[PDB]
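Here we start with a single chain on its own, the form deposited without the partner chain, put down as structure tokens.
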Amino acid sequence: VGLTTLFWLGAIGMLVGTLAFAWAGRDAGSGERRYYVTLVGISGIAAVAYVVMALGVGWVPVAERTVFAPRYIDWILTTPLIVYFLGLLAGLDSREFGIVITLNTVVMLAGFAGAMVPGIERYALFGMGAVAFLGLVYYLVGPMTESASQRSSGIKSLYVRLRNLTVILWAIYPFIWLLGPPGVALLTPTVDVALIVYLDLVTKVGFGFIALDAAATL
């Protein structure tokens, strides 16, 4: 198994998700459509990013390592969509959406910049993102959860189900970044990539399938 192969698997998984979310969003009421559209964009962007990486593009040499730029472009665009999805589910008002979306962006921009910096100062960027991520988790389990408590029993359950999925799995990315090439480079690129592809598919497509499951029921 090689990087190219892992990237293709990522692209295929994202493509299957995209097609299923677009298809499932065939009917979609005049207000429940925004959810499906977010799911299609999320997995859609990731698919492209992966095909691009698969086609060997965006492999940027930094110091003595490689940085998959497409991966970060993907995250910078898709993570805010996920937050937006949870915000819609939790029923947030513009103000709260703003705070969570900016914290998210700080996390992603910081991780991207840190990866691109060859020197040791890069850990200072990683720290920024990590700190911003804590604030994000705070809003997900506190203020956003409280807000979701105002929605019906089932919507509240879906929100909690997706919230846990997101919080637990997102908390793992930083550890892989730190042990992978960007950090101490303990884990090899292939191992780093294999792990991240699994994580990307679950936090994106699995996340979408759990949502579809809930929708069907209700």
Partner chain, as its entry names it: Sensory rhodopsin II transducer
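Numbering follows the first chain given and starts at 1.
The form deposited with the partner chain bound is left out here; the points below concern that form.
Just one of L186, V57, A28, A63 comes within 4.5 Å of the partner chain in the bound PDB entry, counting any heavy atom, and that one is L186. The partner is absent here; in the bound PDB entry, the one residue of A69, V160, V37, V52 having a heavy atom within 4.5 Å of the partner chain is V160. Among residues of the shown chain, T190 is one whose heavy atoms approach the partner chain to within 4.5 Å in the bound PDB entry. At the 4.5 Å threshold, heavy atoms of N164 reach the partner chain in the bound PDB entry. The partner chain is not shown here, and in the bound PDB entry it never comes within 4.5 Å of any heavy atom of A211. In the bound PDB entry, no heavy atom of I12 sits within 4.5 Å of the partner chain.
Contact here is defined as any heavy atom lying within 4.5 Å of the partner chain in the bound PDB entry, and by that definition each of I172, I176 and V202 is a contact residue. The chain is drawn here without the partner chain; in the bound PDB entry, the stretch among 28-36, 178-186, 44-52, 147-155 whose residues come within 4.5 Å of it by any heavy atom is 178-186.
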